[PDB]
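K.L.:
Supplied in structure tokens, the structure appears directly below.
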Amino acid sequence: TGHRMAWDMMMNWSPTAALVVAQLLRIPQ
């Protein structure tokens, strides 16, 4: 689903830290 910036949001390239940042601090705090 999604599309519309999937191309640089949903693509799992190698988000090595980003999947971590997702758990750490995916909010402005």
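Simple scheme: letters A, B, ... for chains in structure tokens order, numbers from 1 for residues in each chain, numbers from 1 for ligands in the order shown.
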Could you pull out the alpha helix (DSSP H) residues of chain A from DSSP and send them as a list in words?
P.N.:
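Result set for chain A (alpha helix (DSSP H)): residues 18, 19, 20, 21, 22, 23 and 24 of chain A.
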K.L.:
Would you write out those residues with N, CA, C and O atoms, as a short mmCIF file (atom, residue, chain, number, x, y, z; two decimals), in the first residue's frame?
P.N.:
data_model
loop_
_atom_site.label_atom_id
_atom_site.label_comp_id
_atom_site.auth_asym_id
_atom_site.auth_seq_id
_atom_site.Cartn_x
_atom_site.Cartn_y
_atom_site.Cartn_z
N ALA A 18 18.15 3.18 11.22
CA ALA A 18 16.84 3.82 11.16
C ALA A 18 15.74 2.99 11.84
O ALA A 18 14.88 3.54 12.52
N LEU A 19 15.79 1.65 11.73
CA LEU A 19 14.94 0.71 12.45
C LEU A 19 15.15 0.78 13.96
O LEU A 19 14.29 0.38 14.74
N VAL A 20 16.33 1.24 14.39
CA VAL A 20 16.67 1.49 15.78
C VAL A 20 16.13 2.85 16.19
O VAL A 20 15.44 2.99 17.19
N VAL A 21 16.40 3.90 15.42
CA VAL A 21 15.86 5.22 15.65
C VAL A 21 14.34 5.15 15.76
O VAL A 21 13.74 5.77 16.65
N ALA A 22 13.72 4.32 14.92
CA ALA A 22 12.31 3.99 14.97
C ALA A 22 11.84 3.54 16.36
O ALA A 22 10.69 3.79 16.73
N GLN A 23 12.69 2.86 17.13
CA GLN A 23 12.38 2.39 18.48
C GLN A 23 12.88 3.38 19.54
O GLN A 23 12.23 3.55 20.57
N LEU A 24 14.00 4.05 19.28
CA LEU A 24 14.60 5.01 20.20
C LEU A 24 13.80 6.30 20.31
O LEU A 24 13.38 6.69 21.39
#
K.L.:
Could you tell me how far CA of residue 3 in chain A sits from CA of residue 29 in chain A, in Å to one decimal place?
P.N.:
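About the pair CA of residue 29 in chain A and CA of residue 3 in chain A: they are 27.7 Å apart.
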